[PDB]
Asker: 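Pasting a structure below so you can have a look.
Heavy-atom basis, side chains included; hydrogens, waters and symmetry copies ignored. Order of listing sets the numbers, starting from 1, for every ligand and every atom in it. To find a chain, count down the sequence lines: A is the first, B the second, and so on, and within it residues start at 1.
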Amino acid sequence: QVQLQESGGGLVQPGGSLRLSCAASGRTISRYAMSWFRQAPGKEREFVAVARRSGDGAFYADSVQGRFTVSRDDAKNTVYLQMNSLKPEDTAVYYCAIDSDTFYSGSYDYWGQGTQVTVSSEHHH
Amino acid sequence: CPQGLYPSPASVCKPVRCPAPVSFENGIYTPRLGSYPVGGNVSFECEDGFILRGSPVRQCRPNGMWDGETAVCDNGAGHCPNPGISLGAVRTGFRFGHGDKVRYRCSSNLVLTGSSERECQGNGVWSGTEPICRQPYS
Amino acid sequence: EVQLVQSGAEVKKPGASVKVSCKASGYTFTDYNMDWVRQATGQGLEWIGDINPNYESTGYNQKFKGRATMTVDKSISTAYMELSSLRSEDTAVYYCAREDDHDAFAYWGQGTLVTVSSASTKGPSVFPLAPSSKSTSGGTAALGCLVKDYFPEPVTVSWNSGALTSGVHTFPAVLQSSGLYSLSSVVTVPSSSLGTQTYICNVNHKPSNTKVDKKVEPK
Amino acid sequence: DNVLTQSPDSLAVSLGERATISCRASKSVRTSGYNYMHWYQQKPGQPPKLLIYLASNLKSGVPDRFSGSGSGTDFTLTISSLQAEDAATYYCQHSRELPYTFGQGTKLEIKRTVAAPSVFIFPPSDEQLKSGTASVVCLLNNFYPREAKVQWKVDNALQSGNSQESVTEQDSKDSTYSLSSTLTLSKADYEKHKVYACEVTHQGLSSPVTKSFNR
Ligand SMILES: *[C@@H]1O[C@H](CO)[C@@H](O[C@@H]2O[C@H](CO)[C@@H](O[C@@H]3O[C@H](CO[C@H]4O[C@H](CO)[C@@H](O)[C@H](O)[C@@H]4O)[C@@H](O)[C@H](O)[C@@H]3O)[C@H](O)[C@H]2NC(C)=O)[C@H](O)[C@H]1NC(C)=O
Ligand SMILES: [Ca+2]
Ligand SMILES: [Cl-]
Ligand SMILES: [Cl-]
């Protein structure tokens, strides 16, 4: 029984940068891959990135390659998503999920509730 | 041919190679090759409970002969010391008590020099001289 | 320059013996030991033993328990490896390999497949994997051939006598509990071509001297 | 015997980037001023090829993007700038003592972006069915990374013990994998049931996807 909680969402202008966090409790996650997904309104949930175990690599969707970076702090039981060069189409709720399969087949059994990232010029001066 | 090469019969100038051990009982040697280039080195090591006598490291000379002295791993239990097997030679007889004997032959075109048979004498010394398998050239 | 050429693939029953040959050329045969190394499929490399042609003296990996015997015939520059009391775990590709002066394996033979099994040599049955609405995405359709119940490896599969190569995926064989192999080959093609273009998979199984051609069409 | 342990067991590297593979020996391979450790490359269907001898020396003809270092018990193979032809399995090997032994092998593949599989399914042919057996085939096409899970369901009951699967090597054009899973049943059991499904899990899927047909 793992609890995941994302933080870091907010309103950023296009071209801006933002870092999301996902903290886990109830289990040490160092043995498990952690993935980021996102869902914009009226669209399907989309894969963003996966951080496998330290030393096993990080892998990205085409749509975010080059702009987003996933990393992990196993001592803090946390994973991060650094987001650069944001576009309005990156607006979505961003979710973290744990892959419960240590062999990395994508058995996403536990999810966070998500954090809203909105990329707009609307509340920026 | 130039130094460090030997011809085909009479007179292809092929490189000289020094002979490998047929065996090295109760020890190992490195690198373990079928023959050794001029300038190459072979290093000998003994297993537990054995004394390494002779040269632990030997180099192959331009005339196809090893320098130093034949290495052997000796447990010291014989009346005579383990006489070893000089490189290029094959030996028969594996008892080193008083009166026992060993026989040596060379291999391929190697020319045996020294005593082809040696007996363990009363004073603990092997009779004769150590056989040495010399290259036919040089 | 230096070439090591091995004898062909072998199939043996458990308890039998196999003798693999390795003909050397391009160097003075007595300058170097000949070594033998094996590799099970999807597995690592295991050293078997070596022989010095000057003396016909040998060294062996103790794990083989005297089952391996190495010999040479200097007159024809050939080394032999004989492995007796064969088990199914001895199924592997066997290589002769020759050291350089650094005691690294600088030269290797092409490998010899030895298959150890109670199965008898048998050609495959070939069944279509027909395109349908369940194998279509966009304007493309996947179709294939199931090549089932053959022994030993290998089979070769081609499409339209080798005239179709793009989009082909031929999977590794799996060994079934019957002791016979099975594999599939699939290709992706335009859905519009299914009514006009014929697709045939050509299966060649050299151990049984069998060739099968199967037309694959929509149901 | 000397046990050689390589790490990682596999790794994905982008073209142009550095790849490093490690080999740790349980006993020192150093003696007489040399480290008796060698590295080989192996591609499918071919013998290994010697790249690096005595830890750090390039064999003639090997490109100089390859290098080796280390001493004693700890050794590394580095490719300074990975090229497509460098995808292969790498092996370390010692020649310090007998028996010669090899590392278990490190598979080096080309990294690309994640791609979820396209899932297809094929009923058994009528020809096979006449012979008494039914093979149902699930195809996962062009996905990345390689790891995936396929589960068979028959009239919504999960199956076990009656399927086998096989995966291709990385595709030379798009660097993806494909996988087939085959469910094998008797004709009699095949004709007792209606719905045949494969459920697919993959790290690029937010939930498992199911492909099915009705007999
Ligand atoms: C077996 O052990 C022997 C004893 O240790 C080894 O002998 C040594 O071999 C080295 C190398 O051959 C000799 O060094 C000399 O090197 C020069 C060339 O030097 C030029 O290149 C070097 C870099 O390689 C560079 O530092 C310089 O600036 C030079 O421009 C050669 O011309 C000589 O031939 C000589 O070889 C040592 O003198 C020698 N030591 C002894 C005590 O003889 C032998 O190499 C070992 N054999 C094997 C196969 O490992
Ligand atoms: Ca050797
Ligand atoms: Cl990593
Ligand atoms: Cl290069």
Asker: Under the 4.0 Å line, does any protein heavy atom show up next to atom 30 (O) of ligand 1?
Answerer: no

Asker: In the protein, what heavy atom is nearest to atom 1 (C) of ligand 1, and what distance, to one decimal place, separates them?
Answerer: B/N41 ND2, 1.4 Å

Asker: Show me which atoms of ligand 1 lie under 4.0 Å from any heavy atom of B/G39.
Answerer: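 Numbered from 1, ligand 1 contributes 1 (C), 44 (C), 46 (C), 47 (N), 48 (C), 49 (C).
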
Asker: Please say whether the positively charged group of C/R98, taken as NZ for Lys or CZ for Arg, lies over the ring of C/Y27, i.e. under 6.0 angstrom from the six-membered ring centre and within 45 degrees of the axis.
Answerer: yes

Asker: Protein heavy-atom contact under 4.0 Å for atom 16 (O) of ligand 1?
Answerer: no

Asker: Do protein heavy atoms approach atom 11 (C) of ligand 1 to less than 4.0 Å?
Answerer: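 No; the ligand atom in question lacks any protein heavy-atom contact below 4.0 Å.
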
Asker: Looking at atom 46 (C) of ligand 1, tell me if a protein heavy atom falls under 4.0 Å from it.
Answerer: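 Answer yes: something from the protein, a heavy atom, is under 4.0 Å.
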
Asker: Is there a polar contact, in the sense of an N or O pair closer than 3.5 Å, between B/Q59 and ligand 1?
Answerer: no

Asker: Does B/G40 reach ligand 1 with a nitrogen or oxygen that is under 3.5 Å from one of the ligand's nitrogen or oxygen atoms?
Answerer: no

Asker: Look at atom 37 (C) of ligand 1 and say whether a protein heavy atom is found at less than 4.0 angstrom from it.
Answerer: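 No, no protein heavy atom sits under 4.0 Å from atom 37 (C) of ligand 1.
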
Asker: Assess the side chains of A/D62 and D/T113: does a donor N or O sit below 3.5 Å from an acceptor N or O?
Answerer: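 There is such a pair (donor and acceptor under 3.5 Å, judged by atom type) between the side chains of A/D62 and D/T113.
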
Asker: Would you say D/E109 and D/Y144 are linked by a side-chain donor-acceptor pair, where the criterion is simply a distance under 3.5 Å?
Answerer: yes

Asker: When you measure from the side chain of D/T106 to the backbone of D/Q6, do you find a donor-acceptor pair of N or O atoms at a distance under 3.5 Å?
Answerer: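 No; zero donor-acceptor contacts below 3.5 Å.
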
Asker: Could you tell me whether the side chains of A/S107 and A/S100 share a donor-acceptor contact shorter than 3.5 Å?
Answerer: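 No.
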
Asker: Does the protein put a heavy atom under 4.0 Å from atom 42 (C) of ligand 1?
Answerer: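 Looking at atom 42 (C) of ligand 1, one finds that no protein heavy atom lies closer than 4.0 Å.
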
Asker: Atom 50 (O) of ligand 1: which protein heavy atom is closest, and how many Å away?
Answerer: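 That would be D/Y34 OH, 3.2 Å.
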
Asker: Apply the side-chain contact (heavy atoms from CB on, under 4.5 Å) test between C/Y32 and each candidate in C/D101, C/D50, C/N52; give the one that qualifies.
Answerer: C/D101

Asker: Under a plain distance cut-off of 3.5 Å, with no hydrogens placed, do A/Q39 and A/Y95 share a side-chain donor-acceptor pair?
Answerer: no

Asker: Look at the aromatic rings of D/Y100 and C/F105 and report parallel, tilted or perpendicular, splitting at 30° and 60°.
Answerer: perpendicular

